[PDB]
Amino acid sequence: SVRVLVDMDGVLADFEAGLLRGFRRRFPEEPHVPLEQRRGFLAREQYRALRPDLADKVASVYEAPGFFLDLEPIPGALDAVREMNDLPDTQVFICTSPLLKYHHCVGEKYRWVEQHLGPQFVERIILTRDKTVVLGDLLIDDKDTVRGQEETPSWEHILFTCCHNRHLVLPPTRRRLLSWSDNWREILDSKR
């Protein structure tokens, strides 16, 4: 009865932490962007701002085999999604956009879900570059604005807080989840 679309990167899987970890490992001498200093959704472009050739170095991290497979879960995310999926009159899909360089992204995302959440959740994956054409009541996603071919999506976007969006000032009509320890049940209840 309430359908919740849950983003993967930035909500379930810690893309930012994995990016920084891989960058520091492969480019140990280079300046980096600490997580707390991250601003703006597109990490590559903050690195570009720091120094131009860092853009390609940071892309080489998220394009590498293993990158998606080895991401750590966001604290509390897995337990929240498991709990959420067991709620009566509640349907959960993992709604995730793959990279344009899809080669080591798409399969790895299925495998990450299989490992962390199990085969039953693999059946709930929707891979799409356009979330506005997917039907649901809520979308929990860390991107500032989620855009696509539907000017008016079916879902309300609930901004999942990450360091990169922490400083965004939202109008009163937009809601934010601070973390998975925040009151997501109340948000779901507000749509029943």
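Don't overthink the numbering: it's just position in the shown sequence, from 1.
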Taking the other compared entries of this protein, do a third or more of them lack coordinates for residue 20?
no
Tell me whether residue 173 turns out to be unmodelled in at least a third of the other entries of this protein, restricted to those that model residues on both sides.
yes
Segment of higher mean CA temperature factor, 122-130 or 45-53
45-53
Take the C-alpha B-factors listed in the entry for 81-89 and for 100-108, compute each mean, and give the stretch with the larger one.
81-89
Between 63, 70, 141, 137, which one tops the list for C-alpha B-factor in the PDB entry?
137
In terms of its chain's C-alpha B-factors, the third that includes residue 19 is the lowest
If you rank the chain by CA B-factor, which third does residue 169 end up in: lowest, middle or highest?
highest
Sorting the chain's modelled residues by C-alpha B-factor and splitting them into thirds places residue 8 in the lowest
